[PDB]
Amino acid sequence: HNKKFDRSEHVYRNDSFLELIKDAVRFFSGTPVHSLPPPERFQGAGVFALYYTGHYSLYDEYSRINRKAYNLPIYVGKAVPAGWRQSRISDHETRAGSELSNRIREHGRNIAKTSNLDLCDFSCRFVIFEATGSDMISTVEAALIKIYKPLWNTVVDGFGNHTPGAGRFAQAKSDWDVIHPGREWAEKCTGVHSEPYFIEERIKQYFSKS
């Protein structure tokens, strides 16, 4: 403890970065668009976007919005370097990892298990933030989400989830699993999930705004 509490001295303002962020976003937007997952595997961590062009009833708008360019993301994720929680890269260095390609791939697999979504109707964009750049990954991801408010980011939860595992079978599958059954593990959960009607209604709210 120290006498004289003064809140002003704990606040961190440094505007320098906003322009760094808008430079990243700017760049992201012009990166080539590939199918899901990309035709080759690659090393790197970074950020990515998923785009829909199919006609599943609830999402048909995207085939309209995205008809002429990949304009609106359904989802935007990030693959951060290994070591975010414990930072234990302490005596086993690398092996330049490839965690971005891996998530993107994982997400492709999950879609491919759904009954009502066709992986052929998704594409992506992704950026690799190198060496020291890796520090941006999160911040850019937030900006992208602030700009597009992608549906699986701002209305429908659970796309990005891993299995809860035994020990957590009792919890509820996510909204994302209720409307898109089924990853196996989603079907082993006994927990009371949302009711399809509420999730569908949230989705319609999302597509009302001009």
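Throughout, we count residues from 1 along the sequence that is shown.
Visitor: Per the PDB record, is the mean Cα temperature factor higher over 187-195 or over 8-16?
Guide: Higher mean C-alpha B-factor: 8-16.
Visitor: I need to verify one thing: averaged over C-alpha atoms only, is the B-factor higher for 89-97 or for 133-141?
Guide: In the deposited entry, the stretch with the higher C-alpha B-factor mean is 89-97.
Visitor: Between 163, 43, 171, 174, which carries the biggest CA temperature factor in the record?
Guide: So the option with the highest C-alpha B-factor is 43.
Visitor: Should residue 81 be placed in the lowest, middle or highest third of its chain by the C-alpha B factor in the entry?
Guide: Middle third, going by the recorded CA B-factors of the chain.
Visitor: Sorting the chain's modelled residues by C-alpha B-factor, tell me whether residue 150 ends up in the lowest, middle or highest third.
Guide: CA B-factor rank for residue 150: lowest third.
Visitor: By its CA B factor, does residue 39 count among the lowest, middle or highest third of the modelled residues in the chain?
Guide: For residue 39, the deposited C-alpha B-factor lands in the highest third.
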